[PDB]
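A.B. asks: Input file: coords_19.csv. Contents: CSV, N, CA and C atoms.
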chain,number,residue,atom,x,y,z
A,6,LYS,N,32.1,45.4,-43.4
A,6,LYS,CA,31.5,45.7,-42.1
A,6,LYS,C,31.5,44.5,-41.2
A,7,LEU,N,32.0,44.8,-40.0
A,7,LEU,CA,32.1,43.7,-39.0
A,7,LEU,C,30.7,43.3,-38.5
A,8,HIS,N,30.5,42.0,-38.1
A,8,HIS,CA,29.2,41.6,-37.6
A,8,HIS,C,29.3,40.9,-36.3
A,9,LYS,N,28.4,41.1,-35.4
A,9,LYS,CA,28.4,40.4,-34.2
A,9,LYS,C,27.6,39.1,-34.4
A,10,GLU,N,28.2,38.1,-33.7
A,10,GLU,CA,27.6,36.7,-33.6
A,10,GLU,C,27.4,36.3,-32.2
A,11,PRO,N,26.4,35.5,-31.8
A,11,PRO,CA,26.2,35.2,-30.4
A,11,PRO,C,27.2,34.1,-30.0
A,12,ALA,N,27.4,34.1,-28.7
A,12,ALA,CA,28.3,33.1,-28.0
A,12,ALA,C,27.8,32.9,-26.6
A,13,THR,N,28.3,31.9,-25.9
A,13,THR,CA,27.9,31.6,-24.6
A,13,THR,C,29.2,31.3,-23.8
A,14,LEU,N,29.2,31.9,-22.6
A,14,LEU,CA,30.3,31.8,-21.7
A,14,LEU,C,30.5,30.4,-21.2
A,15,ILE,N,31.7,29.9,-21.3
A,15,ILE,CA,32.0,28.6,-20.7
A,15,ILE,C,32.9,28.9,-19.4
A,16,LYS,N,33.9,29.7,-19.6
A,16,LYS,CA,34.8,30.0,-18.5
A,16,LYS,C,35.7,31.2,-18.8
A,17,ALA,N,35.7,32.2,-17.9
A,17,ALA,CA,36.7,33.3,-18.0
A,17,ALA,C,38.1,32.8,-17.5
A,18,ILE,N,39.1,33.0,-18.2
A,18,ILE,CA,40.4,32.4,-17.7
A,18,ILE,C,41.3,33.5,-17.1
A,19,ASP,N,41.3,34.7,-17.7
A,19,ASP,CA,41.9,35.8,-17.0
A,19,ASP,C,41.4,37.1,-17.7
A,20,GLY,N,42.1,38.2,-17.4
A,20,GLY,CA,41.7,39.5,-17.9
A,20,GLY,C,41.3,39.5,-19.4
A,21,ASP,N,42.1,38.8,-20.2
A,21,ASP,CA,41.9,39.0,-21.6
A,21,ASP,C,41.8,37.7,-22.4
A,22,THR,N,41.6,36.6,-21.7
A,22,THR,CA,41.5,35.3,-22.4
A,22,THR,C,40.3,34.6,-21.8
A,23,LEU,N,39.5,34.1,-22.7
A,23,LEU,CA,38.3,33.4,-22.2
A,23,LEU,C,38.0,32.2,-23.0
A,24,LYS,N,37.2,31.2,-22.4
A,24,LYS,CA,36.6,30.1,-23.1
A,24,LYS,C,35.2,30.3,-23.4
A,25,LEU,N,34.7,30.3,-24.6
A,25,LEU,CA,33.4,30.4,-25.1
A,25,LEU,C,32.9,29.2,-25.9
A,26,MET,N,31.6,29.1,-25.9
A,26,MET,CA,30.8,28.2,-26.8
A,26,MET,C,30.5,29.0,-28.0
A,27,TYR,N,31.1,28.7,-29.2
A,27,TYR,CA,30.9,29.5,-30.4
A,27,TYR,C,30.6,28.6,-31.6
A,28,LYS,N,29.4,28.7,-32.2
A,28,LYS,CA,28.8,27.9,-33.2
A,28,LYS,C,28.9,26.4,-32.8
A,29,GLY,N,28.5,26.1,-31.6
A,29,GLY,CA,28.4,24.7,-31.1
A,29,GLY,C,29.7,24.1,-30.6
A,30,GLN,N,30.9,24.9,-30.7
A,30,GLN,CA,32.1,24.3,-30.3
A,30,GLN,C,32.8,25.1,-29.2
A,31,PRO,N,33.5,24.5,-28.2
A,31,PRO,CA,34.2,25.3,-27.2
A,31,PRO,C,35.5,25.8,-27.9
A,32,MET,N,35.8,27.1,-27.7
A,32,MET,CA,37.0,27.7,-28.2
A,32,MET,C,37.6,28.7,-27.2
A,33,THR,N,38.9,28.8,-27.2
A,33,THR,CA,39.6,29.8,-26.4
A,33,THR,C,39.6,31.1,-27.2
A,34,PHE,N,39.3,32.2,-26.5
A,34,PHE,CA,39.3,33.5,-27.2
A,34,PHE,C,40.3,34.4,-26.5
A,35,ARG,N,41.0,35.2,-27.3
A,35,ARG,CA,41.9,36.2,-26.9
A,35,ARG,C,41.3,37.6,-27.2
A,36,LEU,N,41.2,38.5,-26.3
A,36,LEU,CA,40.6,39.8,-26.7
A,36,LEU,C,41.6,40.6,-27.6
A,37,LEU,N,41.1,41.1,-28.7
A,37,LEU,CA,41.8,41.9,-29.6
A,37,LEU,C,42.2,43.2,-29.0
A,38,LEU,N,43.5,43.7,-29.3
A,38,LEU,CA,44.0,45.0,-29.2
A,38,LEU,C,44.2,45.4,-27.7
A,39,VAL,N,44.1,44.5,-26.8
A,39,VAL,CA,44.3,44.9,-25.4
A,39,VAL,C,45.2,43.9,-24.7
A,40,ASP,N,46.1,44.4,-23.8
A,40,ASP,CA,46.9,43.6,-22.9
A,40,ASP,C,46.5,43.8,-21.4
A,41,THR,N,46.0,42.8,-20.7
A,41,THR,CA,45.8,43.0,-19.3
A,41,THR,C,46.9,42.4,-18.5
A,42,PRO,N,47.1,42.8,-17.3
A,42,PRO,CA,48.3,42.2,-16.5
A,42,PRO,C,48.0,40.7,-16.3
A,43,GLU,N,49.0,39.9,-16.3
A,43,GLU,CA,48.9,38.4,-16.2
A,43,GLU,C,48.8,38.0,-14.7
A,44,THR,N,48.1,36.9,-14.5
A,44,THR,CA,48.0,36.3,-13.2
A,44,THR,C,48.7,34.9,-13.3
A,45,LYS,N,48.9,34.4,-14.5
A,45,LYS,CA,49.5,33.2,-14.7
A,45,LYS,C,50.9,33.4,-15.4
A,46,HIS,N,51.7,34.3,-14.9
A,46,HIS,CA,53.1,34.5,-15.4
A,46,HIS,C,54.0,33.3,-14.9
A,47,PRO,N,54.6,32.6,-15.8
A,47,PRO,CA,55.4,31.5,-15.4
A,47,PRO,C,56.6,32.1,-14.6
A,48,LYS,N,56.9,33.3,-15.2
A,48,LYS,CA,57.9,34.3,-14.8
A,48,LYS,C,57.6,35.0,-13.5
A,49,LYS,N,56.9,36.1,-13.6
A,49,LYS,CA,56.5,37.0,-12.6
A,49,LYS,C,55.5,36.3,-11.6
A,50,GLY,N,54.6,35.5,-12.1
A,50,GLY,CA,53.4,35.0,-11.4
A,50,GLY,C,52.2,35.9,-11.6
A,51,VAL,N,51.7,36.4,-10.5
A,51,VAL,CA,50.6,37.4,-10.6
A,51,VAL,C,51.1,38.8,-10.8
A,52,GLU,N,50.9,39.4,-11.9
A,52,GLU,CA,51.4,40.8,-12.0
A,52,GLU,C,50.4,41.8,-11.4
A,53,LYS,N,50.8,43.0,-11.2
A,53,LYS,CA,50.0,44.0,-10.5
A,53,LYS,C,48.8,44.4,-11.3
A,54,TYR,N,47.6,44.3,-10.7
A,54,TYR,CA,46.3,44.5,-11.3
A,54,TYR,C,45.9,43.3,-12.2
A,55,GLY,N,46.7,42.3,-12.2
A,55,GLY,CA,46.3,41.0,-12.9
A,55,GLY,C,45.0,40.4,-12.3
A,56,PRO,N,45.0,40.2,-11.0
A,56,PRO,CA,43.7,39.7,-10.4
A,56,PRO,C,42.5,40.7,-10.6
A,57,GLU,N,42.8,42.0,-10.5
A,57,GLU,CA,41.8,43.0,-10.7
A,57,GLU,C,41.1,42.9,-12.1
A,58,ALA,N,42.0,42.8,-13.1
A,58,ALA,CA,41.5,42.8,-14.5
A,58,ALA,C,40.7,41.5,-14.7
A,59,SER,N,41.2,40.5,-14.0
A,59,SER,CA,40.6,39.2,-14.1
A,59,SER,C,39.2,39.2,-13.5
A,60,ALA,N,39.0,39.8,-12.4
A,60,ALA,CA,37.7,39.8,-11.7
A,60,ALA,C,36.7,40.7,-12.5
A,61,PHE,N,37.3,41.8,-13.1
A,61,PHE,CA,36.4,42.6,-13.9
A,61,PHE,C,35.9,41.9,-15.1
A,62,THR,N,36.7,41.3,-15.9
A,62,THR,CA,36.3,40.6,-17.1
A,62,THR,C,35.3,39.5,-16.7
A,63,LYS,N,35.6,38.8,-15.6
A,63,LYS,CA,34.8,37.7,-15.2
A,63,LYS,C,33.4,38.1,-14.8
A,64,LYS,N,33.3,39.2,-14.0
A,64,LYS,CA,32.0,39.6,-13.5
A,64,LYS,C,31.2,40.2,-14.7
A,65,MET,N,31.9,41.0,-15.5
A,65,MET,CA,31.2,41.5,-16.7
A,65,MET,C,30.6,40.4,-17.6
A,66,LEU,N,31.4,39.4,-17.8
A,66,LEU,CA,30.8,38.3,-18.6
A,66,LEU,C,29.7,37.5,-17.9
A,67,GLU,N,30.0,37.2,-16.7
A,67,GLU,CA,29.1,36.3,-15.9
A,67,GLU,C,27.7,37.0,-15.7
A,68,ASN,N,27.7,38.3,-15.6
A,68,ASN,CA,26.4,39.0,-15.3
A,68,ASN,C,25.7,39.4,-16.5
A,69,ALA,N,26.1,39.1,-17.7
A,69,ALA,CA,25.5,39.6,-18.9
A,69,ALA,C,24.2,38.7,-19.3
A,70,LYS,N,23.3,39.4,-19.9
A,70,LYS,CA,22.1,38.8,-20.5
A,70,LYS,C,22.6,38.1,-21.8
A,71,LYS,N,23.4,38.9,-22.6
A,71,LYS,CA,23.8,38.4,-23.9
A,71,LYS,C,25.3,38.6,-24.1
A,72,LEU,N,26.0,37.6,-24.6
A,72,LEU,CA,27.4,37.7,-25.1
A,72,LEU,C,27.4,37.6,-26.6
A,73,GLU,N,28.3,38.4,-27.2
A,73,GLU,CA,28.5,38.4,-28.7
A,73,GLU,C,29.9,38.5,-29.0
A,74,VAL,N,30.4,37.9,-30.1
A,74,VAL,CA,31.7,38.0,-30.6
A,74,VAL,C,31.7,38.7,-31.9
A,75,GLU,N,32.7,39.6,-32.0
A,75,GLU,CA,32.9,40.3,-33.2
A,75,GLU,C,34.4,40.2,-33.8
A,76,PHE,N,34.5,39.4,-34.8
A,76,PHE,CA,35.8,39.2,-35.5
A,76,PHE,C,36.2,40.4,-36.3
A,77,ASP,N,37.5,40.7,-36.4
A,77,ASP,CA,37.9,41.9,-37.2
A,77,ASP,C,38.1,41.5,-38.6
A,78,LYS,N,38.8,42.2,-39.5
A,78,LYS,CA,38.9,42.0,-40.9
A,78,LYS,C,40.0,41.0,-41.3
A,79,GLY,N,41.0,40.8,-40.4
A,79,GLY,CA,42.2,40.0,-40.7
A,79,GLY,C,42.0,38.6,-40.3
A,80,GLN,N,43.1,37.9,-39.8
A,80,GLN,CA,43.1,36.6,-39.3
A,80,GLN,C,42.1,36.5,-38.1
A,81,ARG,N,41.4,35.4,-37.9
A,81,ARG,CA,40.4,35.2,-36.9
A,81,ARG,C,41.0,34.3,-35.8
A,82,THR,N,42.1,33.7,-36.0
A,82,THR,CA,42.7,32.9,-35.0
A,82,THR,C,44.2,33.2,-34.9
A,83,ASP,N,44.8,33.1,-33.7
A,83,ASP,CA,46.3,33.3,-33.7
A,83,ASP,C,47.0,31.9,-33.8
A,84,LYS,N,48.3,31.9,-33.7
A,84,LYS,CA,49.1,30.7,-33.9
A,84,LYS,C,48.8,29.7,-32.8
A,85,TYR,N,48.3,30.1,-31.7
A,85,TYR,CA,47.9,29.2,-30.6
A,85,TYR,C,46.5,28.6,-30.8
A,86,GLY,N,45.8,29.0,-31.9
A,86,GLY,CA,44.4,28.5,-32.1
A,86,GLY,C,43.4,29.3,-31.4
A,87,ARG,N,43.7,30.4,-30.8
A,87,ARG,CA,42.7,31.2,-30.1
A,87,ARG,C,42.0,32.2,-31.1
A,88,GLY,N,40.7,32.2,-30.9
A,88,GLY,CA,39.9,33.2,-31.7
A,88,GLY,C,40.3,34.6,-31.3
A,89,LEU,N,40.4,35.5,-32.3
A,89,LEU,CA,40.8,36.9,-32.0
A,89,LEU,C,39.6,37.8,-32.3
A,90,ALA,N,39.0,38.4,-31.2
A,90,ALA,CA,37.8,39.2,-31.4
A,90,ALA,C,37.6,40.2,-30.4
A,91,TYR,N,36.6,41.0,-30.7
A,91,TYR,CA,36.0,42.0,-29.8
A,91,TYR,C,34.8,41.3,-29.1
A,92,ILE,N,34.8,41.4,-27.8
A,92,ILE,CA,33.7,40.6,-27.1
A,92,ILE,C,32.7,41.7,-26.5
A,93,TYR,N,31.4,41.5,-26.7
A,93,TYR,CA,30.4,42.4,-26.2
A,93,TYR,C,29.5,41.7,-25.1
A,94,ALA,N,29.4,42.4,-24.0
A,94,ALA,CA,28.5,42.0,-22.9
A,94,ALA,C,27.3,43.0,-22.9
A,95,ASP,N,26.1,42.5,-23.2
A,95,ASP,CA,24.9,43.4,-23.4
A,95,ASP,C,25.2,44.7,-24.1
A,96,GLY,N,25.9,44.5,-25.2
A,96,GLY,CA,26.1,45.7,-26.1
A,96,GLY,C,27.3,46.5,-25.7
A,97,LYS,N,28.0,46.1,-24.6
A,97,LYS,CA,29.1,46.9,-24.2
A,97,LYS,C,30.4,46.1,-24.5
A,98,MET,N,31.4,46.8,-25.2
A,98,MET,CA,32.6,46.1,-25.5
A,98,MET,C,33.5,45.8,-24.3
A,99,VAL,N,33.7,44.5,-24.0
A,99,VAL,CA,34.6,44.2,-22.9
A,99,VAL,C,36.0,44.8,-23.1
A,100,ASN,N,36.5,44.7,-24.4
A,100,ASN,CA,37.8,45.2,-24.6
A,100,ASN,C,37.9,46.7,-24.2
A,101,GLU,N,36.9,47.5,-24.6
A,101,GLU,CA,37.0,49.0,-24.3
A,101,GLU,C,36.9,49.2,-22.8
A,102,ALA,N,35.9,48.5,-22.2
A,102,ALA,CA,35.6,48.7,-20.7
A,102,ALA,C,36.9,48.5,-19.9
A,103,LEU,N,37.7,47.5,-20.2
A,103,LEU,CA,38.9,47.2,-19.5
A,103,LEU,C,39.9,48.4,-19.7
A,104,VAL,N,40.1,48.8,-20.9
A,104,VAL,CA,41.0,49.9,-21.2
A,104,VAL,C,40.5,51.2,-20.5
A,105,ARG,N,39.2,51.5,-20.6
A,105,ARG,CA,38.6,52.7,-20.0
A,105,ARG,C,38.8,52.7,-18.5
A,106,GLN,N,38.9,51.5,-17.8
A,106,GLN,CA,39.1,51.4,-16.4
A,106,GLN,C,40.6,51.4,-16.0
A,107,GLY,N,41.5,51.5,-17.0
A,107,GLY,CA,42.9,51.4,-16.6
A,107,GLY,C,43.3,50.0,-16.2
A,108,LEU,N,42.5,49.0,-16.7
A,108,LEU,CA,42.8,47.7,-16.3
A,108,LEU,C,43.5,46.9,-17.5
A,109,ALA,N,43.8,47.7,-18.5
A,109,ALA,CA,44.5,47.1,-19.7
A,109,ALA,C,45.2,48.2,-20.5
A,110,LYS,N,46.2,47.9,-21.3
A,110,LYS,CA,46.8,48.8,-22.2
A,110,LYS,C,46.4,48.4,-23.6
A,111,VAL,N,46.4,49.3,-24.6
A,111,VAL,CA,46.1,48.9,-26.0
A,111,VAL,C,47.4,48.2,-26.5
A,112,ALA,N,47.2,47.0,-27.0
A,112,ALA,CA,48.2,46.1,-27.6
A,112,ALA,C,49.1,46.7,-28.7
A,113,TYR,N,50.1,46.0,-29.1
A,113,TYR,CA,50.8,46.3,-30.4
A,113,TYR,C,49.8,46.0,-31.5
A,114,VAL,N,49.6,46.9,-32.4
A,114,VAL,CA,48.4,46.7,-33.3
A,114,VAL,C,48.9,46.0,-34.6
A,115,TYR,N,48.1,45.0,-35.0
A,115,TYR,CA,48.5,44.3,-36.3
A,115,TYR,C,47.5,44.4,-37.4
A,116,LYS,N,47.7,45.3,-38.3
A,116,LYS,CA,46.7,45.4,-39.4
A,116,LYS,C,46.6,44.1,-40.1
A,117,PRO,N,45.5,43.8,-40.7
A,117,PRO,CA,44.3,44.7,-40.7
A,117,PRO,C,43.4,44.5,-39.6
A,118,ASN,N,43.8,43.9,-38.5
A,118,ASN,CA,42.9,43.7,-37.3
A,118,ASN,C,43.1,44.9,-36.4
A,119,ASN,N,42.5,46.0,-36.8
A,119,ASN,CA,42.7,47.2,-36.1
A,119,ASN,C,41.5,48.2,-36.2
A,120,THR,N,40.4,47.6,-36.6
A,120,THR,CA,39.2,48.5,-36.8
A,120,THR,C,38.9,49.3,-35.5
A,121,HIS,N,38.9,48.8,-34.3
A,121,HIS,CA,38.5,49.7,-33.2
A,121,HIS,C,39.7,50.3,-32.5
A,122,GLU,N,40.8,50.4,-33.1
A,122,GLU,CA,42.1,50.9,-32.4
A,122,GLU,C,41.9,52.3,-31.9
A,123,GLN,N,41.4,53.2,-32.8
A,123,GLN,CA,41.3,54.6,-32.4
A,123,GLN,C,40.3,54.8,-31.2
A,124,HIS,N,39.2,54.1,-31.3
A,124,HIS,CA,38.2,54.1,-30.2
A,124,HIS,C,39.0,53.7,-28.9
A,125,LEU,N,39.7,52.6,-29.0
A,125,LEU,CA,40.4,52.1,-27.8
A,125,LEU,C,41.4,53.1,-27.4
A,126,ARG,N,42.2,53.7,-28.3
A,126,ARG,CA,43.2,54.6,-27.9
A,126,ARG,C,42.6,55.8,-27.1
A,127,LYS,N,41.5,56.2,-27.6
A,127,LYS,CA,40.8,57.4,-27.0
A,127,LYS,C,40.4,57.0,-25.5
A,128,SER,N,39.9,55.7,-25.3
A,128,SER,CA,39.6,55.3,-24.0
A,128,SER,C,40.8,55.2,-23.1
A,129,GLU,N,41.9,54.8,-23.7
A,129,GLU,CA,43.1,54.6,-22.9
A,129,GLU,C,43.7,56.0,-22.5
A,130,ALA,N,43.6,56.9,-23.4
A,130,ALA,CA,44.1,58.3,-23.1
A,130,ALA,C,43.3,58.9,-21.9
A,131,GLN,N,42.0,58.6,-21.8
A,131,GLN,CA,41.1,59.1,-20.7
A,131,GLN,C,41.5,58.4,-19.4
A,132,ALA,N,41.5,57.1,-19.4
A,132,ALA,CA,42.0,56.4,-18.2
A,132,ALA,C,43.3,56.9,-17.7
A,133,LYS,N,44.2,57.3,-18.6
A,133,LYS,CA,45.5,57.8,-18.2
A,133,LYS,C,45.3,59.2,-17.7
A,134,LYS,N,44.5,60.1,-18.4
A,134,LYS,CA,44.3,61.4,-17.8
A,134,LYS,C,43.7,61.3,-16.4
A,135,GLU,N,42.8,60.3,-16.2
A,135,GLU,CA,42.2,60.1,-14.8
A,135,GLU,C,43.1,59.3,-13.9
A,136,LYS,N,44.2,58.8,-14.4
A,136,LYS,CA,45.1,58.0,-13.6
A,136,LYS,C,44.6,56.8,-12.9
A,137,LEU,N,43.7,56.1,-13.6
A,137,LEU,CA,43.1,54.9,-13.0
A,137,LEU,C,44.0,53.7,-13.0
A,138,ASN,N,43.9,52.9,-12.0
A,138,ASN,CA,44.6,51.7,-11.7
A,138,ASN,C,46.0,51.7,-12.3
A,139,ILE,N,46.2,51.0,-13.4
A,139,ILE,CA,47.5,50.9,-14.1
A,139,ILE,C,48.2,52.2,-14.2
A,140,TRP,N,47.5,53.3,-14.6
A,140,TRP,CA,48.0,54.6,-14.8
A,140,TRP,C,48.1,55.4,-13.5
A,141,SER,N,48.1,54.8,-12.4
A,141,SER,CA,48.1,55.4,-11.1
A,141,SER,C,49.4,55.1,-10.3
Turn this file's structure into structure tokens for me.
C.D. replies:
Amino acid sequence: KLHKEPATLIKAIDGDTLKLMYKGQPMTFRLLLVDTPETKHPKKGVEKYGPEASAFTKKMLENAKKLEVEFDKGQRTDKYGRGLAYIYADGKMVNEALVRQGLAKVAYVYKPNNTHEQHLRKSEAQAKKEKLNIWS
């Protein structure tokens, strides 16, 4: 069973990557299972809805009473040293909220880090039925 642990916002970097204070140390975190559009593409630059996803994550985190991190069952860090987790803002999962608003796609899934995959796919299917942002 996954467990939530408290964390403190240091800095939101973009739609799906953030800097948090976690167990006394600053760490970069990457949101599990979702891809938001990039604002820092060396390539494209700012992709479409990149700034939008970015403002959403930022506001949601910055306005929360409480932030919590939830590690999945698999690897907790990627090859870049980023924590891989589900982030909660006052009990609401940031990763689902982004997908529900059409501001992110569900990622390519890598077991066994896939516990909330179906939940997220359900939210993505609704944002697509409602044609929000990305799906519009």
A.B. asks: Going by DSSP on the backbone, which residues of chain A come out as alpha helix (DSSP H)? List them as an MDAnalysis selection string.
C.D. replies: chainID A and resid 55:67 99:105 122:134
A.B. asks: Take the residues from that selection and put them in a file with N, CA and C atoms, as a compact mmCIF listing (two decimals), in the frame of the given file.
C.D. replies:
# COMPACT_ATOMS: atom_id res chain seq x y z
N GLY A 55 46.70 42.30 -12.20
CA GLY A 55 46.30 41.00 -12.90
C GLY A 55 45.00 40.40 -12.30
N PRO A 56 45.00 40.20 -11.00
CA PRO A 56 43.70 39.70 -10.40
C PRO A 56 42.50 40.70 -10.60
N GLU A 57 42.80 42.00 -10.50
CA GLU A 57 41.80 43.00 -10.70
C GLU A 57 41.10 42.90 -12.10
N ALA A 58 42.00 42.80 -13.10
CA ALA A 58 41.50 42.80 -14.50
C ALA A 58 40.70 41.50 -14.70
N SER A 59 41.20 40.50 -14.00
CA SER A 59 40.60 39.20 -14.10
C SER A 59 39.20 39.20 -13.50
N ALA A 60 39.00 39.80 -12.40
CA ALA A 60 37.70 39.80 -11.70
C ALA A 60 36.70 40.70 -12.50
N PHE A 61 37.30 41.80 -13.10
CA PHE A 61 36.40 42.60 -13.90
C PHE A 61 35.90 41.90 -15.10
N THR A 62 36.70 41.30 -15.90
CA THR A 62 36.30 40.60 -17.10
C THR A 62 35.30 39.50 -16.70
N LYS A 63 35.60 38.80 -15.60
CA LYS A 63 34.80 37.70 -15.20
C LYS A 63 33.40 38.10 -14.80
N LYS A 64 33.30 39.20 -14.00
CA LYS A 64 32.00 39.60 -13.50
C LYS A 64 31.20 40.20 -14.70
N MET A 65 31.90 41.00 -15.50
CA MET A 65 31.20 41.50 -16.70
C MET A 65 30.60 40.40 -17.60
N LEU A 66 31.40 39.40 -17.80
CA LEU A 66 30.80 38.30 -18.60
C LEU A 66 29.70 37.50 -17.90
N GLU A 67 30.00 37.20 -16.70
CA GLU A 67 29.10 36.30 -15.90
C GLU A 67 27.70 37.00 -15.70
N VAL A 99 33.70 44.50 -24.00
CA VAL A 99 34.60 44.20 -22.90
C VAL A 99 36.00 44.80 -23.10
N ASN A 100 36.50 44.70 -24.40
CA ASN A 100 37.80 45.20 -24.60
C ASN A 100 37.90 46.70 -24.20
N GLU A 101 36.90 47.50 -24.60
CA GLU A 101 37.00 49.00 -24.30
C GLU A 101 36.90 49.20 -22.80
N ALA A 102 35.90 48.50 -22.20
CA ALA A 102 35.60 48.70 -20.70
C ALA A 102 36.90 48.50 -19.90
N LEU A 103 37.70 47.50 -20.20
CA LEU A 103 38.90 47.20 -19.50
C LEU A 103 39.90 48.40 -19.70
N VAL A 104 40.10 48.80 -20.90
CA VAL A 104 41.00 49.90 -21.20
C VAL A 104 40.50 51.20 -20.50
N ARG A 105 39.20 51.50 -20.60
CA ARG A 105 38.60 52.70 -20.00
C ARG A 105 38.80 52.70 -18.50
N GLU A 122 40.80 50.40 -33.10
CA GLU A 122 42.10 50.90 -32.40
C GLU A 122 41.90 52.30 -31.90
N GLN A 123 41.40 53.20 -32.80
CA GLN A 123 41.30 54.60 -32.40
C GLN A 123 40.30 54.80 -31.20
N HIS A 124 39.20 54.10 -31.30
CA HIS A 124 38.20 54.10 -30.20
C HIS A 124 39.00 53.70 -28.90
N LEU A 125 39.70 52.60 -29.00
CA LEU A 125 40.40 52.10 -27.80
C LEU A 125 41.40 53.10 -27.40
N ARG A 126 42.20 53.70 -28.30
CA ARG A 126 43.20 54.60 -27.90
C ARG A 126 42.60 55.80 -27.10
N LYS A 127 41.50 56.20 -27.60
CA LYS A 127 40.80 57.40 -27.00
C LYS A 127 40.40 57.00 -25.50
N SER A 128 39.90 55.70 -25.30
CA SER A 128 39.60 55.30 -24.00
C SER A 128 40.80 55.20 -23.10
N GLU A 129 41.90 54.80 -23.70
CA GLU A 129 43.10 54.60 -22.90
C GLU A 129 43.70 56.00 -22.50
N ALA A 130 43.60 56.90 -23.40
CA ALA A 130 44.10 58.30 -23.10
C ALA A 130 43.30 58.90 -21.90
N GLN A 131 42.00 58.60 -21.80
CA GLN A 131 41.10 59.10 -20.70
C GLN A 131 41.50 58.40 -19.40
N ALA A 132 41.50 57.10 -19.40
CA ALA A 132 42.00 56.40 -18.20
C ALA A 132 43.30 56.90 -17.70
N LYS A 133 44.20 57.30 -18.60
CA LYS A 133 45.50 57.80 -18.20
C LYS A 133 45.30 59.20 -17.70
N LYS A 134 44.50 60.10 -18.40
CA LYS A 134 44.30 61.40 -17.80
C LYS A 134 43.70 61.30 -16.40
A.B. asks: Considering only C-alpha atoms, can you say which of A:121, A:19, A:66, A:10 comes closest to residue A:52?
C.D. replies: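 Once distances to residue A:52 are computed over only C-alpha atoms, the minimum belongs to A:19.
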A.B. asks: Tell me which of A:85, A:27, A:91, A:34 sits closest to residue A:122, counting only C-alpha atoms.
C.D. replies: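 Smallest separation from residue A:122 among the options: A:91.
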A.B. asks: Rank nothing, just name the residue among A:116, A:64, A:136, A:6 nearest to residue A:38, using only C-alpha atoms.
C.D. replies: A:116
A.B. asks: I'd like a table as JSON lines: residues in stretch 7-79 of chain A with an atom no more than 6.5 Å from stretch 104-109 of chain A, each row giving the shortest atom pair and its distance in Å to one decimal, all atoms listed in the file counted, sorted by chain and rising residue number.
C.D. replies:
{"residue": "A:39", "atom": "CA", "partner": "A:109", "partner_atom": "C", "distance": 6.0}
{"residue": "A:40", "atom": "C", "partner": "A:109", "partner_atom": "CA", "distance": 4.2}
{"residue": "A:41", "atom": "CA", "partner": "A:109", "partner_atom": "CA", "distance": 4.3}
{"residue": "A:42", "atom": "N", "partner": "A:108", "partner_atom": "C", "distance": 5.5}
{"residue": "A:58", "atom": "CA", "partner": "A:108", "partner_atom": "CA", "distance": 5.4}
A.B. asks: Using all atoms listed in the file, which of the listed residues (A:22, A:30, A:139, A:17) sits closest to residue A:110?
C.D. replies: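 Of A:22, A:30, A:139, A:17, the one nearest residue A:110 is A:139, counting all atoms listed in the file.
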A.B. asks: When you draw a straight line from atom CA of residue A:111 to atom CA of residue A:125, how long is it in Å?
C.D. replies: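 It comes out at 6.8 Å.
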A.B. asks: Counting only C-alpha atoms, which residue out of A:9, A:18, A:35, A:29 sits closest to residue A:60?
C.D. replies: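 Closest to residue A:60 of all the choices is A:18.
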A.B. asks: Restricted to N, CA, C and O atoms, what does stretch 9-17 of chain A look like when written out as a PDB file, in the first residue's frame?
C.D. replies:
ATOM      1  N   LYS A   9       1.394   8.384   1.737  1.00  0.00           N
ATOM      2  CA  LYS A   9       1.739   9.776   1.493  1.00  0.00           C
ATOM      3  C   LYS A   9       2.706  10.245   2.577  1.00  0.00           C
ATOM      4  O   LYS A   9       2.613   9.857   3.736  1.00  0.00           O
ATOM      5  N   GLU A  10       3.643  11.081   2.168  1.00  0.00           N
ATOM      6  CA  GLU A  10       4.603  11.730   3.042  1.00  0.00           C
ATOM      7  C   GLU A  10       4.602  13.231   2.770  1.00  0.00           C
ATOM      8  O   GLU A  10       4.408  13.629   1.616  1.00  0.00           O
ATOM      9  N   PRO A  11       4.807  14.052   3.791  1.00  0.00           N
ATOM     10  CA  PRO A  11       4.744  15.507   3.584  1.00  0.00           C
ATOM     11  C   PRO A  11       5.992  16.028   2.885  1.00  0.00           C
ATOM     12  O   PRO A  11       7.061  15.426   2.957  1.00  0.00           O
ATOM     13  N   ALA A  12       5.798  17.150   2.210  1.00  0.00           N
ATOM     14  CA  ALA A  12       6.833  17.836   1.464  1.00  0.00           C
ATOM     15  C   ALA A  12       6.486  19.329   1.464  1.00  0.00           C
ATOM     16  O   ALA A  12       5.361  19.658   1.835  1.00  0.00           O
ATOM     17  N   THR A  13       7.436  20.152   1.079  1.00  0.00           N
ATOM     18  CA  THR A  13       7.296  21.593   1.010  1.00  0.00           C
ATOM     19  C   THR A  13       7.783  22.096  -0.343  1.00  0.00           C
ATOM     20  O   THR A  13       8.840  21.690  -0.837  1.00  0.00           O
ATOM     21  N   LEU A  14       6.982  22.976  -0.923  1.00  0.00           N
ATOM     22  CA  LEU A  14       7.295  23.543  -2.227  1.00  0.00           C
ATOM     23  C   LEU A  14       8.551  24.390  -2.112  1.00  0.00           C
ATOM     24  O   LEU A  14       8.728  25.217  -1.218  1.00  0.00           O
ATOM     25  N   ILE A  15       9.466  24.182  -3.049  1.00  0.00           N
ATOM     26  CA  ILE A  15      10.578  25.111  -3.188  1.00  0.00           C
ATOM     27  C   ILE A  15      10.317  25.946  -4.441  1.00  0.00           C
ATOM     28  O   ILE A  15      10.292  27.169  -4.425  1.00  0.00           O
ATOM     29  N   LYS A  16      10.105  25.222  -5.539  1.00  0.00           N
ATOM     30  CA  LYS A  16       9.878  25.900  -6.813  1.00  0.00           C
ATOM     31  C   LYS A  16       9.199  24.995  -7.822  1.00  0.00           C
ATOM     32  O   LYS A  16       9.629  23.854  -8.010  1.00  0.00           O
ATOM     33  N   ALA A  17       8.145  25.452  -8.481  1.00  0.00           N
ATOM     34  CA  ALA A  17       7.561  24.767  -9.625  1.00  0.00           C
ATOM     35  C   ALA A  17       8.381  25.078 -10.873  1.00  0.00           C
ATOM     36  O   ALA A  17       8.609  26.263 -11.132  1.00  0.00           O
TER      37      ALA A  17
END
